[PDB]
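Heads up, the chain shows up twice below as structure tokens, two forms, tagged structure 1 and structure 2.
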Structure 1
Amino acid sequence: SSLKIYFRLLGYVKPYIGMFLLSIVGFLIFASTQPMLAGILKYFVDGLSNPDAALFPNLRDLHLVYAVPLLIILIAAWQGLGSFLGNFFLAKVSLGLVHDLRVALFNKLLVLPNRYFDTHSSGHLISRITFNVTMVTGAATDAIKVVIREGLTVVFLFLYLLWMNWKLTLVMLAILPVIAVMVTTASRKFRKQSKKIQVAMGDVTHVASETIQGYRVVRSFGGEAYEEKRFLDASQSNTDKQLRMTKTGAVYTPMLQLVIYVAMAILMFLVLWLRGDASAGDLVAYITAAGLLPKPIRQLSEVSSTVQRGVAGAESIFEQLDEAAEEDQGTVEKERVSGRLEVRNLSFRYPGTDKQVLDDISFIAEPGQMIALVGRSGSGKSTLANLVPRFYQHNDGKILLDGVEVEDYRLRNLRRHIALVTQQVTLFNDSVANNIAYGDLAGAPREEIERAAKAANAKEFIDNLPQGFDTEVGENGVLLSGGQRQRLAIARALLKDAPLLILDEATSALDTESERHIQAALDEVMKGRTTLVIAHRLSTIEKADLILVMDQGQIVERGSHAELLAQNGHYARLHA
């Protein structure tokens, strides 16, 4: 939980270096006014005795009665300029870093591997690009402003005190070592407590996420009591840990102030006891300047905890940015491909496991040919179909599309040549038309969109919708039925005319007649495409050119409907 993680933020402050320099200049101006405001008291005291005296004798008329009031205004304006220049330009830099960090994180998500999204929950990932960035940057920005403003102020004040009387200033200098030791001890405590508070807050988020995501299960199978108890315990821990940090700071700041004022007391005793020929105004200015030291130290003490509290978020932000991305070392970029797909001795095991999902799988697909896949509820049908789009990296075997290994193709170009209907249908919260035409096919004419819907036997329900093809499907298509959502997904794939079309159980939520209207229209456009089908209903794959039956990651049988039935094996048992 070191604060060194903040050093990484500097890489994003390079383009804003010039603006940051201006902020320092403004803070310098503001800091310089603080000693000036103390010095004017010297002349004011002298003026009280003799207001007719002239402030400058070598102007050369302006008496203290008018000069001292005038200087007050000028110093105030000078301080105001520094305040605006420092606060405005520093915020420019801060907001720029927020924008850069957010954009970088979002782009990283678009390139991270599927496993990352698989392991982490959506609530985890969204919090990083909406709240963590703001909190981390805000804490750092406040710290920078205080350290620059209060550090300069202290430096200027000490320099002024040293100029007036270096001997007495030594007393104030001796407190600096004491303050440093106290700051060190407090920081050690803050970091430890910050670790604890961090883990507790994460548990709170986890209980909430598990509930806002599986509300239906909680309602139906009970568990409101179980879930409420978990959240209560989690929240209690976070509050207790957070209070523990407050108590430490509530004693930390007062102690340091006491040290300063104890030292100030000593200094005043010396001035009152061992008084020289110094004028009363000289002494008043010195004491006044010393009294302007406690304020900056208090502000620094307060930020000492804020920095230690934002480190946790920075660690997570700078972890996703360092996460490894999908391997895309290929260069080949063909405009179009014939559609021939060949797999040769392909064996895969999910990363972080020891089970061989698939082993020694070989099959050749040619344009205009239909390939069907059947299995036993987990034979690896969905795993093999997710290796062609290179969603998961394969190490053994060779997957070749149009004669070139899928690895040699640039990820974007390869995925452009393949259209896939995943088993889990997912629909954005937008119009039916916008969902049917997303990304590459975006902007397609309405006529083409409607044509694809007709093929998916979707136009009928889409037309009866309240606003036609412009109706909003709702969040994840909740406003639509399960089979209706599946048909919309089929339409999206049909619109993206690609040489290879993969469909993984695209008729699971459709009846026997609606599924027929889809297979009766897919066979008329199968001549210019290579079709891969993974289905459990042994009725839409009878006309497939080649049918592959898998059993525990191995292809046990090959052939067609007639040959497979004649063999009287796994296919014969499954068909019955």
Structure 2
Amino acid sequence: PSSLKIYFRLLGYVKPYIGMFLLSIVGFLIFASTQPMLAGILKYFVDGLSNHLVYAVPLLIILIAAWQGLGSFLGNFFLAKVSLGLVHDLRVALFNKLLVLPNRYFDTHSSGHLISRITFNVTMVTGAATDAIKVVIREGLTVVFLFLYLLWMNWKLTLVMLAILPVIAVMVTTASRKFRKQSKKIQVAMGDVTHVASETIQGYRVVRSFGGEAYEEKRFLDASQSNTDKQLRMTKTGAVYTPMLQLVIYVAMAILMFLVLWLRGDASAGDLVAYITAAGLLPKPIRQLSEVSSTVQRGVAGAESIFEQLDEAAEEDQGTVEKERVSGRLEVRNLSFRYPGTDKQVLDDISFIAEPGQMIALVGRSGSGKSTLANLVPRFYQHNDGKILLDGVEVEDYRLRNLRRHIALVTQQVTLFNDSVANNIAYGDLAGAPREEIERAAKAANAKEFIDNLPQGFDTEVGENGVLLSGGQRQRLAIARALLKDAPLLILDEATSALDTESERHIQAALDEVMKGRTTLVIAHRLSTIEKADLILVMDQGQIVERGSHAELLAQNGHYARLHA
């Protein structure tokens, strides 16, 4: 959008700190007004020395010095509260937006891009909102006052200095366009540097195993070189732009001098001398304005990237139905789905009904769409064709927070936080549960045995993503996390992929006790864990080719019979 629209929207975040901003200006006025007083009283003491009591002058120095210090403290301290408060408000707004963005947003964006926006882009708007305003108001008023002051003595001579106003306006406009474009390139380049570093840290084991240290070094060297080159190009533009405006001023002054010499007749000192002296006070304010033009555009480009994320569309939440507890009946009716931005159809026509106290088993080859179907019930991705009804109400009529409270999920990709074992099991809505409840859930997931052997028991830290645990132990913590949540609907997405047969039997036996009070949807590749399911759905290329029980599907010679053995 327009650069003025972005800047005015940025100033809306400085409104709560208007009172603190005025104190900073008042404090700096006290500091500035002291300098003439100290110098003036210094001269009086000196003059008295050469020549009705001056013995009070030494005492007055301390008072004015203390008065100067109070003004300096107010200016510096209360200006930081405006700058730090503005940055803090933007960071909180950016992070709270991350918790409502759709899943498809995180799939098409790197983590380094998002981290850099909250860390680096926010600091780029500090100067444009605090220091830039003071300079523009102060030096801007000085230039306007001087031009009115010059017009008073001689309007004919001011026409020469007015003729260079258009050329400065064109030059300032052209330079501002470059600064905004160059700042946008710099923030993207900084995001690329963070993206390379984040990717290498996440996959250091792949880099360490298959070689590629030379490949990773070159990739980061190019990313860092571009960031340095683009930052250096901005400085070169700024370092030529400021001196070039000064040369325009002095060229105009040179033309003014020639006219005065030719116009020296019919006049004398006191009128032409005053005009030349006044005209010489213009270069200094213009230099200050030039050096702040880069800062303003740097903030404008930074705020544009910040406001792009804040204006991004969140997941649809137009529902209003809230229920304390649902029966758990799940029904899918003629559902078809394709991922956004993709023309491939993942699900063609799905129809099944799950009654309370039942298991529905989802089996098939890899890539059939079993995880996609289970990811539409919690409304991770929006569906357009078909209906998904939970307890007779379409899942789009529930509120998002209320809908996800009734569904317990065990994803295929197990993710854990860098915290204690007890904190990982009781996370979010179930946080603060009694330790007895946590241990009961862990016992059901066959996880109490290895937890008790940890150095600190349930308080042991698992490290980053649970790296300090084996693959099967991480997965059993994810199962325990979902069992504590209870919920009428439980979806298991390959919950025993990293477990042996003995651990599977213990978990499968413990899952029969939660059979009666909930509806379970199981996606499994080991068919021995779903042999007691009420309904088994065999899905191939997005269509449920076969359905029935274990005996019915075995008698029929189809995909299930071949997959079973």
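Rigid core: the largest C-alpha set superposing within 1.5 Å between the two forms. Sequence positions of structure 1, starting at 1, serve as the residue numbers.
After the core is superposed, which of these residues, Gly397, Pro389, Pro296, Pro499, moves its CA 2 Å or more between structure 1 and structure 2?
-> After core superposition, the one over threshold is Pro296.
After the core is overlaid between structure 1 and structure 2, has the C-alpha of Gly559 moved by 2 angstroms or more?
-> Shift at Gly559: below 2 Å after core fit.
Against the rigid core, is the Cα displacement of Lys196 between structure 1 and structure 2 at least 2 Å?
-> Result for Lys196: yes, a 2 Å-plus shift.
For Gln34, is the CA shift between structure 1 and structure 2 at least 2 Å following rigid-core superposition?
-> Yes, the C-alpha position differs by at least 2 Å between structure 1 and structure 2.
Cα shift of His206 between structure 1 and structure 2 after core superposition, in Å?
-> That residue's C-alpha sits 3.7 Å away in the other form.
Core-aligned Cα shift of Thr531 between structure 1 and structure 2, given in Å = Comparing the two forms, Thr531 shifts 0.1 Å at C-alpha.
Keeping the rigid core fixed, work out how far the Cα of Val171 travels between structure 1 and structure 2, to one decimal in Å.
-> It moves 8.3 Å at the C-alpha.
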